[PDB]
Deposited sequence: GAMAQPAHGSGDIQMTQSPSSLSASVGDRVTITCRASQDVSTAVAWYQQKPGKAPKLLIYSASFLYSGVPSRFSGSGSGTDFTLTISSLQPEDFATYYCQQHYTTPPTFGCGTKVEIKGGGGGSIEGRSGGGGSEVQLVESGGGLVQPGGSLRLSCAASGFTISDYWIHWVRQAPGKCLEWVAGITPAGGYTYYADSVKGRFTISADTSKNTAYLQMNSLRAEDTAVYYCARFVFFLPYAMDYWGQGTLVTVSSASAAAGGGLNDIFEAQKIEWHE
């Protein structure tokens, strides 16, 4: 597994400041790095792909650079709407392994559902419905965020359902799947633990361009109490 670390882990600046956030990968990842922006209470959105490429719709004050192990995100002139947590993530190998990102202070979709309250030992099933594309053409990943905690990759299924992958923390307890007639992916969660409490996101990925998690669902909250 390749680890990403950022610095700093948070910062406050003023409107108009130049902000740079650096990122390091534990191994050479070439230029296969993406940056994401995550508003509070929102799913991450793709800003930059392939290290220096602006995802469409992203303002040109955002720029990226680097290759090998060292990467940086620069916001040339910080705007009021730029406050968010920013994540550097390598997509050179799979599975992705997210961390804490950098907290900055001043059609196609996935829709999730099925979140709720359940008790330890219980079980629950999340849904990741797709629109405007065929779900089996992509990897689908489930990534979660505990309250006041960081991003954690949970599970992935390959296109055509060829293979599945699980984080050690859920292996043997969760199943990732899909139903193609419903164009919808699932995470079936058994033997739930309090640790499992979090907002769950799903997102699509392939190694084709831009080879970044370009679409995420809005997230669904799972409370284990």
Which bits of the deposited sequence have no atoms placed for their C-alpha? 1 to 11, 118 to 134, 254 to 276
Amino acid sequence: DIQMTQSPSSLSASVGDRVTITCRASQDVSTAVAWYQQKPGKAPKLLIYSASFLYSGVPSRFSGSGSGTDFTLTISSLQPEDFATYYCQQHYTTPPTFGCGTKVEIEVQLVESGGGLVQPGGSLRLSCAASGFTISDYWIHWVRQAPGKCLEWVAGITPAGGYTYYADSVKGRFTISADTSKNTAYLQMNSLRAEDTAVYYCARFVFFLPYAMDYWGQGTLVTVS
From here on, numbers count along this sequence of modelled residues.
Test of understanding: from the entry's C-alpha B-factors, which stretch has the higher mean, 1 to 9 or 214 to 222? 1 to 9
Between the two ranges 87 to 95 and 130 to 138, the one averaging a larger CA B factor in the entry: 87 to 95
Reading the B-factor column of the entry, which of 40, 66, 161, 156 has the highest value at its C-alpha atom? 40
Comparing C-alpha B-factors across 143, 75, 146, 110 in this entry, the winner is 146
Residue 193, C-alpha B-factor rank within chain (lowest, middle or highest third): highest
With respect to C-alpha B-factor, does residue 59 fall in the lowest, middle or highest third of the chain as deposited? middle
For the chain shown, is the CA B-factor of residue 15 in the lowest, middle or highest third of its modelled residues? highest
Third of chain Cα B-factors occupied by residue 184: lowest
Residue 169: CA temperature factor from the record, placed by chain third, in the middle
